[PDB]
Amino acid sequence: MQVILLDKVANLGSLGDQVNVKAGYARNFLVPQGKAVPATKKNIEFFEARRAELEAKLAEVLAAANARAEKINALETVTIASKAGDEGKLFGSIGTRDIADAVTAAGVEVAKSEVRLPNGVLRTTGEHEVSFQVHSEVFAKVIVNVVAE
Amino acid sequence: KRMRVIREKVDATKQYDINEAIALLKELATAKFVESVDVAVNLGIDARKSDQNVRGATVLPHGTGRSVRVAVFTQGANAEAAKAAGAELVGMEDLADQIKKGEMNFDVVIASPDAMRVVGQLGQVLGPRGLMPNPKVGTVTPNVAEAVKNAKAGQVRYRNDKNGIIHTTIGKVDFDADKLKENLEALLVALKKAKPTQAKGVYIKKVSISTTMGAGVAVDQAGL
Amino acid sequence: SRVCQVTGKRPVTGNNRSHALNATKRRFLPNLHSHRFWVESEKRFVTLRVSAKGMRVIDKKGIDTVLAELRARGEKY
Amino acid sequence: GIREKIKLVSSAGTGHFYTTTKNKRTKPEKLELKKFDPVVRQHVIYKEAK
Amino acid sequence: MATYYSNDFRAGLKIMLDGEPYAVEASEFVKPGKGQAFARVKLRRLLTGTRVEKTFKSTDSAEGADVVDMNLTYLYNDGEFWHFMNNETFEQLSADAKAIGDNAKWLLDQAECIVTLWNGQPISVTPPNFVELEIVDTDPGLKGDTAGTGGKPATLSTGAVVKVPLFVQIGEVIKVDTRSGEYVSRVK
RNA sequence: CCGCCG
RNA sequence: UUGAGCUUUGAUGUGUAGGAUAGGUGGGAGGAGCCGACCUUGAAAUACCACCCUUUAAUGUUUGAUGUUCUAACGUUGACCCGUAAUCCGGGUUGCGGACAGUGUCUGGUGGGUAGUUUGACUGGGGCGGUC
RNA sequence: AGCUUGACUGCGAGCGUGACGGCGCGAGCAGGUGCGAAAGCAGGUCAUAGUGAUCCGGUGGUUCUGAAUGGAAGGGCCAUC
């Protein structure tokens, strides 16, 4: 292919290479999610001046915001006390909408989608570790203590 | 060493041509006495298919003379006729007492349709275990054995089966006219390609190396 | 019907010749597949029933280049 | 049927051939006849081929 | 080419259809008023031969096989294969373990066991009605009490096991039949 | 292990 | 995680009998040392080395064979929301599948489900039998 | 019983016989051989059955043609399957 990279892709590119990929990996993923541009006789000219200085840094300082979007809620400990069962066996499992709303209402305004779940949908009252991915390499460890009430 | 320089003149990356190392076969070896040549020829045979066996008789042109002792199993006038054809023990079941004793003095068993009742009935295992029979496939048993052994005493080298691909034949003494030997290896090709088992595989001749006895290596080509 | 949006491939006909040369009218069909294409300017999805060589054209040409050609042919997309 | 057909090929420079039959499974020695070759206009030896 | 029609062949006429040779054992040719003719043929498979029943119509039927059943002389064994010789023409012949099947015991040597060769190669070997063999592993059969036929089993030289009476020990060369496998008597 | 009947 | 292949570096074939710690055969008197054939042999007798079977491991292996993980193509005859007064359709979210399924072209198989057809002549009527 | 390859190539006046395709006989002519001292005989066998037309295709030979020209391919002819 003619793939010029707008971004750091984790196994092939270094922010501006010409990687020869399969065509389905270009149409469905890398082009619509901002990771690539086709380079057909104009975009090599459109990368030559204006992108390696300006647009190689407009994502880089928003990635230096990924260093600073994490410490907005620097406490990183969460008390959720929704409805539970009787001696364990939780009433209703806390999903990604309620984990984000436990963070959006107090702390980071990150959305639903960047909440990870290493151990399912938390069918248990207890102390739990919920990852908040903001960067492809910078992973958080914000503790969600599911509490019975 | 003494066996190390032998290894030094073997380049497996190059397939050598016709004229190249055949003239160098006295150079590729450090033999004490006078030796001979061998020829390796490979013919694609499946080991579990008996329809692909190649046996016969290769009359061979020109060089070596009467050096093969040949046994006779004939009757009639041919008990005294092939005595003019140079063979040593001409006869009958006198050579069946020697099968029972296990004697190594002959290499070839040639008979007639008179003598087709002896080795097919008395020397059964001991004639084909080491292989020395005759029928209507090899040229072993006609009834014209007089003019048969006027040449088969001289130059016949028996193209025989192996379980795998290999059909190793024998080159002559090193001190002949070696250019004619490149026909003596070539006028076995047109007889091996003369008639096969009509069930050959991919190739006919894959690998061919004409060794001397123990030291020479010359990669022959199946094409040229 | 079974028509490519991009290249206009409709089903042609042809014979199904056998080993005894028996002719029988079959119908060649195009390798159609409704793909949901990304337009960077419109910032949305356009669902086109392209053929498989029609995706090859949008691999060379722009998606916006091909959509302007549909707009010239009275295509609603 | 049994008596198959062979091809006597001339031992001269040309490729004129006589064709004939030979019962192979009774007398399997080859034919070495001496026939007339109309390309050479001589009477050279012919030899069996297929 | 030797094509056959089903109203022709009697018995033993070896035919070749569906990739296998067949011997016809018998065939009953019937045809009835207001019907066509058919021959309910009792065939015999030749390579794996148990039996097969086909009811051919009057047309068509099969090509024949090169199927010569001549006398061969067992003379040799090596690895797997078993070599044979004609006492009329002295041509070579090589049988296989699939062709020897369930009869690798019964030959000893110089036996005139017939074979069926199919298309220039043998697939079957028929050992004779009797062969004489030697017992190498048999218990020294003692009477003891036994009032009522003692019958001890004997392992033979060819790796066969037969049931023998109590007076043959080891080196008592005994002849058996091959069609069943029973002791018949003792050769002396 | 085998061993029927007068 | 793997399965068979090549140039390739080489180690590796243990009973009958020959002192045994014999792969096959065609050659068969070669390497402070010492065999070998001769002989004892078996169904084949060994040195020397050849072409190789049959195992082993290294690499570039051609690669396929499957088998988890993921989501973005794709599917959804799952919930909700909107067009919308609409158990259609479209879009928007979300869940579950997921590079499977499905489809196009080429291709092997099966295929009286279906279609076009063939099924000879003489004959003391025709069939049968016989014959050409 | 000996020697042998005439079971040879190019033709062939003249008839015989078939509706035709075809089939049969043939002295002689040229070239080259065999046998016989020679005259001579020999282009299969005592004669009469032992067999299939075309089309399509296979192999060998021959520059006879060879789609601009030079080759070749493919055709043709000849021997054949």
# chains A, B, ... in the order shown; residues from 1 in each chain; ligands from 1
call {"tool": "residues_around", "arguments": {"residues": "range 49-52 of chain A", "least_positions_apart": "5", "cutoff": "12 Å", "atoms": "only C-alpha atoms (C1' of nucleotides)", "output": "PyMOL selection string"}}
result
chain A and resi 4-7+14-17+37+43-44+57-60
call {"tool": "interface_residues", "arguments": {"of": "chain G", "to": "chain C", "cutoff": "9 Å", "atoms": "only C-alpha atoms (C1' of nucleotides)", "output": "PyMOL selection string"}}
result
chain G and resi 73-74+103-105
call {"tool": "residues_around", "arguments": {"residues": "residue 208 in chain B", "least_positions_apart": "4", "cutoff": "9 Å", "atoms": "only C-alpha atoms (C1' of nucleotides)", "output": "PyMOL selection string"}}
result
(chain B and resi 39-42+218-222) or (chain G and resi 51)
call {"tool": "residues_around", "arguments": {"residues": "residue 66 in chain G", "least_positions_apart": "2", "cutoff": "12 Å", "atoms": "only C-alpha atoms (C1' of nucleotides)", "output": "PDB file with N, CA and C atoms (P, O5', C5', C4', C3', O3' and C1' of nucleotides), in the first residue's frame"}}
result
ATOM      1  P     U G   1       6.167 -22.181  20.732  1.00  0.00           P
ATOM      2  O5'   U G   1       5.614 -23.673  20.616  1.00  0.00           O
ATOM      3  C5'   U G   1       4.966 -24.297  21.714  1.00  0.00           C
ATOM      4  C4'   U G   1       3.755 -25.087  21.278  1.00  0.00           C
ATOM      5  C3'   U G   1       4.013 -26.227  20.308  1.00  0.00           C
ATOM      6  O3'   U G   1       4.465 -27.397  20.964  1.00  0.00           O
ATOM      7  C1'   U G   1       2.131 -24.965  19.587  1.00  0.00           C
ATOM      8  P     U G   2       5.348 -28.482  20.176  1.00  0.00           P
ATOM      9  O5'   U G   2       5.591 -27.816  18.753  1.00  0.00           O
ATOM     10  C5'   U G   2       5.609 -28.613  17.582  1.00  0.00           C
ATOM     11  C4'   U G   2       4.293 -28.539  16.848  1.00  0.00           C
ATOM     12  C3'   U G   2       4.237 -29.288  15.526  1.00  0.00           C
ATOM     13  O3'   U G   2       3.903 -30.652  15.698  1.00  0.00           O
ATOM     14  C1'   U G   2       3.384 -27.091  15.243  1.00  0.00           C
ATOM     15  P     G G   3       4.933 -31.808  15.283  1.00  0.00           P
ATOM     16  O5'   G G   3       4.670 -32.046  13.729  1.00  0.00           O
ATOM     17  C5'   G G   3       4.026 -33.229  13.276  1.00  0.00           C
ATOM     18  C4'   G G   3       3.541 -33.097  11.852  1.00  0.00           C
ATOM     19  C3'   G G   3       4.575 -33.343  10.761  1.00  0.00           C
ATOM     20  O3'   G G   3       4.749 -34.715  10.460  1.00  0.00           O
ATOM     21  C1'   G G   3       3.451 -31.319  10.320  1.00  0.00           C
ATOM     22  P     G G  64       1.257 -21.217   2.531  1.00  0.00           P
ATOM     23  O5'   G G  64      -0.116 -22.027   2.523  1.00  0.00           O
ATOM     24  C5'   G G  64      -0.717 -22.455   3.735  1.00  0.00           C
ATOM     25  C4'   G G  64      -0.587 -23.944   3.925  1.00  0.00           C
ATOM     26  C3'   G G  64      -1.357 -24.530   5.096  1.00  0.00           C
ATOM     27  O3'   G G  64      -2.778 -24.580   4.874  1.00  0.00           O
ATOM     28  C1'   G G  64       0.859 -25.324   5.167  1.00  0.00           C
ATOM     29  P     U G  68      -9.184 -23.531  20.686  1.00  0.00           P
ATOM     30  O5'   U G  68      -9.201 -22.404  21.805  1.00  0.00           O
ATOM     31  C5'   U G  68      -9.203 -21.032  21.455  1.00  0.00           C
ATOM     32  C4'   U G  68      -8.143 -20.279  22.213  1.00  0.00           C
ATOM     33  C3'   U G  68      -8.413 -18.804  22.432  1.00  0.00           C
ATOM     34  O3'   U G  68      -9.289 -18.538  23.512  1.00  0.00           O
ATOM     35  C1'   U G  68      -6.223 -19.071  21.614  1.00  0.00           C
TER      36        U G  68
END
call {"tool": "interface_residues", "arguments": {"of": "chain A", "to": "chain G", "cutoff": "10 Å", "atoms": "only C-alpha atoms (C1' of nucleotides)", "output": "ChimeraX atom specification"}}
result
/A:24-25,27-30,32-33
call {"tool": "closest_atom_pairs", "arguments": {"of": "chain C", "to": "chain A", "cutoff": "12 Å", "atoms": "only C-alpha atoms", "output": "CSV"}}
result
residue,atom,partner,partner_atom,distance
C:35,CA,A:28,CA,10.1
C:36,CA,A:28,CA,9.2
C:37,CA,A:27,CA,8.3
C:38,CA,A:32,CA,6.4
C:39,CA,A:32,CA,8.2
C:40,CA,A:32,CA,7.3
C:41,CA,A:32,CA,11.1
C:42,CA,A:32,CA,11.8
C:43,CA,A:32,CA,8.9
C:44,CA,A:32,CA,9.5
C:45,CA,A:32,CA,9.9
C:55,CA,A:27,CA,9.7
C:56,CA,A:23,CA,9.5
C:58,CA,A:27,CA,9.6
C:59,CA,A:23,CA,8.0
C:60,CA,A:40,CA,8.0
C:61,CA,A:40,CA,9.1
C:62,CA,A:38,CA,9.2
C:63,CA,A:27,CA,10.5
call {"tool": "residues_around", "arguments": {"residues": "residue 143 in chain A", "least_positions_apart": "4", "cutoff": "12 Å", "atoms": "only C-alpha atoms (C1' of nucleotides)", "output": "PDB file with N, CA and C atoms, in the first residue's frame"}}
result
ATOM      1  N   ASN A  73      -7.962  13.063  38.406  1.00  0.00           N
ATOM      2  CA  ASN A  73      -8.317  12.350  39.630  1.00  0.00           C
ATOM      3  C   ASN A  73      -7.069  11.576  40.047  1.00  0.00           C
ATOM      4  N   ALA A  74      -6.210  12.252  40.805  1.00  0.00           N
ATOM      5  CA  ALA A  74      -4.987  11.651  41.317  1.00  0.00           C
ATOM      6  C   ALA A  74      -5.220  10.809  42.563  1.00  0.00           C
ATOM      7  N   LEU A  75      -6.414  10.880  43.157  1.00  0.00           N
ATOM      8  CA  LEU A  75      -6.725  10.047  44.313  1.00  0.00           C
ATOM      9  C   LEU A  75      -6.791   8.578  43.921  1.00  0.00           C
ATOM     10  N   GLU A  76      -7.447   8.286  42.788  1.00  0.00           N
ATOM     11  CA  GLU A  76      -7.428   6.984  42.112  1.00  0.00           C
ATOM     12  C   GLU A  76      -8.012   5.864  42.979  1.00  0.00           C
ATOM     13  N   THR A  77      -8.927   6.214  43.883  1.00  0.00           N
ATOM     14  CA  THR A  77      -9.644   5.233  44.689  1.00  0.00           C
ATOM     15  C   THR A  77     -11.124   5.594  44.677  1.00  0.00           C
ATOM     16  N   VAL A  78     -11.974   4.602  44.421  1.00  0.00           N
ATOM     17  CA  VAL A  78     -13.382   4.828  44.097  1.00  0.00           C
ATOM     18  C   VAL A  78     -14.236   3.989  45.039  1.00  0.00           C
ATOM     19  N   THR A  79     -15.235   4.615  45.658  1.00  0.00           N
ATOM     20  CA  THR A  79     -16.184   3.916  46.520  1.00  0.00           C
ATOM     21  C   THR A  79     -17.554   3.902  45.846  1.00  0.00           C
ATOM     22  N   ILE A  80     -17.951   2.744  45.324  1.00  0.00           N
ATOM     23  CA  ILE A  80     -19.301   2.551  44.808  1.00  0.00           C
ATOM     24  C   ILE A  80     -20.063   1.654  45.773  1.00  0.00           C
ATOM     25  N   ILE A  99     -19.231   2.693  36.033  1.00  0.00           N
ATOM     26  CA  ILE A  99     -17.842   2.933  36.420  1.00  0.00           C
ATOM     27  C   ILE A  99     -17.382   4.302  35.947  1.00  0.00           C
ATOM     28  N   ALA A 102     -19.060   6.966  38.004  1.00  0.00           N
ATOM     29  CA  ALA A 102     -18.354   7.120  39.269  1.00  0.00           C
ATOM     30  C   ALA A 102     -17.072   7.929  39.132  1.00  0.00           C
ATOM     31  N   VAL A 103     -16.617   8.177  37.905  1.00  0.00           N
ATOM     32  CA  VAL A 103     -15.437   8.987  37.648  1.00  0.00           C
ATOM     33  C   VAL A 103     -15.800  10.311  36.983  1.00  0.00           C
ATOM     34  N   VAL A 115     -12.781   2.954  29.728  1.00  0.00           N
ATOM     35  CA  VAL A 115     -12.757   2.141  30.935  1.00  0.00           C
ATOM     36  C   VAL A 115     -12.504   0.699  30.520  1.00  0.00           C
ATOM     37  N   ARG A 116     -11.451   0.099  31.054  1.00  0.00           N
ATOM     38  CA  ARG A 116     -11.202  -1.312  30.820  1.00  0.00           C
ATOM     39  C   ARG A 116     -11.785  -2.140  31.957  1.00  0.00           C
ATOM     40  N   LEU A 117     -11.805  -3.451  31.749  1.00  0.00           N
ATOM     41  CA  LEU A 117     -12.288  -4.414  32.730  1.00  0.00           C
ATOM     42  C   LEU A 117     -11.464  -5.689  32.642  1.00  0.00           C
ATOM     43  N   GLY A 126     -16.283  -5.910  46.586  1.00  0.00           N
ATOM     44  CA  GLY A 126     -14.919  -5.996  47.068  1.00  0.00           C
ATOM     45  C   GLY A 126     -14.062  -4.887  46.490  1.00  0.00           C
ATOM     46  N   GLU A 127     -12.766  -4.984  46.774  1.00  0.00           N
ATOM     47  CA  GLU A 127     -11.766  -4.086  46.210  1.00  0.00           C
ATOM     48  C   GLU A 127     -11.352  -4.600  44.839  1.00  0.00           C
ATOM     49  N   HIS A 128     -11.342  -3.712  43.851  1.00  0.00           N
ATOM     50  CA  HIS A 128     -11.083  -4.130  42.485  1.00  0.00           C
ATOM     51  C   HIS A 128     -10.197  -3.101  41.801  1.00  0.00           C
ATOM     52  N   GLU A 129      -9.501  -3.553  40.760  1.00  0.00           N
ATOM     53  CA  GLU A 129      -8.547  -2.734  40.019  1.00  0.00           C
ATOM     54  C   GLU A 129      -9.071  -2.545  38.602  1.00  0.00           C
ATOM     55  N   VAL A 130      -9.408  -1.305  38.255  1.00  0.00           N
ATOM     56  CA  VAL A 130     -10.009  -0.980  36.965  1.00  0.00           C
ATOM     57  C   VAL A 130      -9.039  -0.093  36.193  1.00  0.00           C
ATOM     58  N   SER A 131      -8.622  -0.560  35.019  1.00  0.00           N
ATOM     59  CA  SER A 131      -7.663   0.162  34.197  1.00  0.00           C
ATOM     60  C   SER A 131      -8.358   1.241  33.381  1.00  0.00           C
ATOM     61  N   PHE A 132      -7.777   2.435  33.384  1.00  0.00           N
ATOM     62  CA  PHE A 132      -8.244   3.538  32.549  1.00  0.00           C
ATOM     63  C   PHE A 132      -7.158   3.810  31.519  1.00  0.00           C
TER      64      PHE A 132
END
call {"tool": "interface_residues", "arguments": {"of": "chain E", "to": "chain F", "cutoff": "6 Å", "atoms": "only C-alpha atoms (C1' of nucleotides)", "output": "ChimeraX atom specification"}}
result
/E:146-148
call {"tool": "write_last_selection", "arguments": {"atoms": "N, CA, C and O atoms", "output": "tab-separated table (two decimals), in the first residue's frame"}}
result
chain	number	residue	atom	x	y	z
E	146	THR	N	-6.75	-88.37	30.93
E	146	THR	CA	-7.10	-88.13	29.52
E	146	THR	C	-8.17	-89.06	28.93
E	146	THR	O	-8.76	-88.73	27.89
E	147	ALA	N	-8.62	-90.22	29.48
E	147	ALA	CA	-9.75	-91.07	28.81
E	147	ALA	C	-10.80	-90.40	27.92
E	147	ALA	O	-11.93	-90.20	28.35
E	148	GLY	N	-10.43	-90.09	26.69
E	148	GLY	CA	-11.35	-89.49	25.74
E	148	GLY	C	-10.86	-88.51	24.67
E	148	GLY	O	-11.42	-87.41	24.60
call {"tool": "select_by_dssp", "arguments": {"residues": "chain C", "states": "strand (DSSP E)", "output": "list in words"}}
result
residues 13, 14, 15, 25, 26, 27, 32, 33, 34, 35, 36, 37, 38, 39, 44, 45, 46, 47, 48, 49, 50 and 51 of chain C
call {"tool": "interface_residues", "arguments": {"of": "chain G", "to": "chain E", "cutoff": "12 Å", "atoms": "only C-alpha atoms (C1' of nucleotides)", "output": "number ranges by chain"}}
result
G: 24, 43-44, 119, 127-129
call {"tool": "closest_atom_pairs", "arguments": {"of": "chain E", "to": "chain D", "cutoff": "12 Å", "atoms": "only C-alpha atoms", "output": "JSON lines"}}
result
{"residue": "E:1", "atom": "CA", "partner": "D:1", "partner_atom": "CA", "distance": 11.2}
{"residue": "E:89", "atom": "CA", "partner": "D:26", "partner_atom": "CA", "distance": 10.4}
{"residue": "E:91", "atom": "CA", "partner": "D:25", "partner_atom": "CA", "distance": 11.0}
call {"tool": "write_last_selection", "arguments": {"atoms": "N, CA, C and O atoms", "output": "CSV table (one decimal), in the first residue's frame"}}
result
chain,number,residue,atom,x,y,z
E,1,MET,N,-9.0,-55.7,-27.2
E,1,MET,CA,-10.4,-55.6,-26.8
E,1,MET,C,-11.1,-56.9,-26.9
E,1,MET,O,-11.1,-57.6,-27.9
E,89,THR,N,7.9,-72.6,-19.1
E,89,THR,CA,8.6,-71.6,-19.9
E,89,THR,C,9.7,-70.9,-19.1
E,89,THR,O,10.5,-70.2,-19.7
E,91,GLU,N,9.6,-68.2,-16.7
E,91,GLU,CA,9.4,-66.8,-16.6
E,91,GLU,C,9.3,-66.4,-15.1
E,91,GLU,O,8.8,-67.2,-14.3
call {"tool": "select_by_dssp", "arguments": {"residues": "chain A", "states": "alpha helix (DSSP H)", "output": "compact mmCIF listing (two decimals) with N, CA, C and O atoms, in the first residue's frame"}}
result
# COMPACT_ATOMS: atom_id res chain seq x y z
N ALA A 23 -4.53 -4.46 2.31
CA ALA A 23 -5.47 -3.39 1.97
C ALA A 23 -6.65 -3.32 2.93
O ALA A 23 -7.18 -2.24 3.16
N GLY A 24 -7.07 -4.46 3.49
CA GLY A 24 -8.15 -4.44 4.45
C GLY A 24 -7.78 -3.82 5.77
O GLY A 24 -8.66 -3.30 6.47
N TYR A 25 -6.50 -3.86 6.13
CA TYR A 25 -6.04 -3.19 7.33
C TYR A 25 -5.95 -1.69 7.13
O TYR A 25 -5.90 -0.94 8.11
N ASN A 43 0.10 13.08 -1.29
CA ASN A 43 0.25 13.08 0.15
C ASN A 43 1.69 12.86 0.60
O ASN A 43 2.00 13.15 1.76
N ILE A 44 2.56 12.37 -0.27
CA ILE A 44 3.99 12.45 0.01
C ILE A 44 4.44 13.91 -0.06
O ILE A 44 5.28 14.36 0.73
N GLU A 45 3.84 14.68 -0.96
CA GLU A 45 4.06 16.12 -1.00
C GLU A 45 3.31 16.83 0.12
O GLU A 45 3.70 17.92 0.55
N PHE A 46 2.22 16.23 0.61
CA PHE A 46 1.47 16.84 1.70
C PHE A 46 2.01 16.43 3.07
O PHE A 46 1.55 16.96 4.08
N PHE A 47 2.96 15.50 3.11
CA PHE A 47 3.64 15.16 4.35
C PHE A 47 5.00 15.84 4.43
O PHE A 47 5.55 15.97 5.53
N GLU A 48 5.53 16.31 3.29
CA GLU A 48 6.92 16.73 3.20
C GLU A 48 7.20 17.97 4.03
O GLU A 48 8.25 18.06 4.69
N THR A 96 -19.75 -0.60 32.57
CA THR A 96 -18.87 0.50 32.21
C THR A 96 -19.55 1.85 32.23
O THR A 96 -18.87 2.88 32.35
N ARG A 97 -20.88 1.89 32.11
CA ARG A 97 -21.59 3.15 32.29
C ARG A 97 -21.50 3.64 33.73
O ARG A 97 -21.21 4.82 33.96
N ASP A 98 -21.69 2.75 34.70
CA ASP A 98 -21.65 3.12 36.11
C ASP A 98 -20.24 3.31 36.65
O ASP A 98 -20.07 4.03 37.64
N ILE A 99 -19.23 2.69 36.03
CA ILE A 99 -17.84 2.93 36.42
C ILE A 99 -17.38 4.30 35.95
O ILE A 99 -16.71 5.03 36.68
N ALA A 100 -17.76 4.66 34.72
CA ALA A 100 -17.45 5.99 34.20
C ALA A 100 -18.21 7.08 34.95
O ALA A 100 -17.63 8.12 35.26
N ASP A 101 -19.48 6.84 35.29
CA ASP A 101 -20.26 7.82 36.04
C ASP A 101 -19.75 7.97 37.47
O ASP A 101 -19.99 9.01 38.10
N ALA A 102 -19.06 6.97 38.00
CA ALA A 102 -18.35 7.12 39.27
C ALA A 102 -17.07 7.93 39.13
O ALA A 102 -16.50 8.33 40.15
N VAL A 103 -16.62 8.18 37.91
CA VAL A 103 -15.44 8.99 37.65
C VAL A 103 -15.80 10.31 36.98
O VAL A 103 -15.20 11.35 37.29
N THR A 104 -16.81 10.31 36.10
CA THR A 104 -17.23 11.54 35.43
C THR A 104 -17.86 12.53 36.40
O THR A 104 -17.58 13.73 36.32
call {"tool": "atom_distance", "arguments": {"atom1": "CA of residue 15 in chain D", "atom2": "CA of residue 187 in chain B"}}
result
20.4 Å
call {"tool": "residues_around", "arguments": {"residues": "residue 22 in chain H", "least_positions_apart": "4", "cutoff": "12 Å", "atoms": "only C-alpha atoms (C1' of nucleotides)", "output": "list in words"}}
result
residues 17, 18 and 53 of chain H
call {"tool": "atom_distance", "arguments": {"atom1": "CA of residue 188 in chain B", "atom2": "CA of residue 81 in chain E"}}
result
28.8 Å
call {"tool": "residues_around", "arguments": {"residues": "residue 103 in chain E", "least_positions_apart": "3", "cutoff": "9 Å", "atoms": "only C-alpha atoms (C1' of nucleotides)", "output": "PyMOL selection string"}}
result
chain E and resi 100+106-107+125-127+178
call {"tool": "interface_residues", "arguments": {"of": "chain G", "to": "chain B", "cutoff": "9 Å", "atoms": "only C-alpha atoms (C1' of nucleotides)", "output": "list in words"}}
result
residues 7, 24, 25, 26, 27, 28, 29, 30, 31, 43, 44, 48, 49, 50, 51, 52 and 53 of chain G
call {"tool": "atom_distance", "arguments": {"atom1": "CA of residue 6 in chain D", "atom2": "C1' of residue 52 in chain H"}}
result
21.8 Å
call {"tool": "decode", "arguments": {"residues": "range 12-23 of chain D", "atoms": "N, CA and C atoms", "output": "tab-separated table (two decimals), in the first residue's frame"}}
result
chain	number	residue	atom	x	y	z
D	12	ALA	N	22.43	-46.62	-42.70
D	12	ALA	CA	23.06	-45.58	-43.50
D	12	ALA	C	22.77	-44.23	-42.85
D	13	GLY	N	23.18	-43.15	-43.51
D	13	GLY	CA	22.99	-41.83	-42.95
D	13	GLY	C	21.55	-41.38	-42.90
D	14	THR	N	20.69	-41.96	-43.73
D	14	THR	CA	19.31	-41.53	-43.84
D	14	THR	C	18.41	-42.27	-42.86
D	15	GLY	N	17.12	-41.96	-42.95
D	15	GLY	CA	16.13	-42.55	-42.08
D	15	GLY	C	15.05	-43.31	-42.81
D	16	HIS	N	15.41	-43.96	-43.91
D	16	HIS	CA	14.50	-44.90	-44.54
D	16	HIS	C	14.33	-46.12	-43.65
D	17	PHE	N	13.12	-46.65	-43.61
D	17	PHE	CA	12.89	-47.81	-42.77
D	17	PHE	C	11.95	-48.78	-43.45
D	18	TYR	N	12.25	-50.06	-43.29
D	18	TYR	CA	11.32	-51.13	-43.58
D	18	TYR	C	10.55	-51.48	-42.32
D	19	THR	N	9.31	-51.88	-42.50
D	19	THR	CA	8.50	-52.33	-41.38
D	19	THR	C	7.96	-53.72	-41.69
D	20	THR	N	7.83	-54.50	-40.63
D	20	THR	CA	7.61	-55.93	-40.72
D	20	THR	C	7.13	-56.41	-39.36
D	21	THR	N	7.06	-57.73	-39.19
D	21	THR	CA	6.62	-58.31	-37.93
D	21	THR	C	7.66	-59.27	-37.39
D	22	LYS	N	7.57	-59.55	-36.09
D	22	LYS	CA	8.47	-60.47	-35.42
D	22	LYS	C	7.79	-60.96	-34.16
D	23	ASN	N	7.74	-62.27	-33.97
D	23	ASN	CA	7.24	-62.83	-32.71
D	23	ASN	C	8.37	-62.69	-31.70
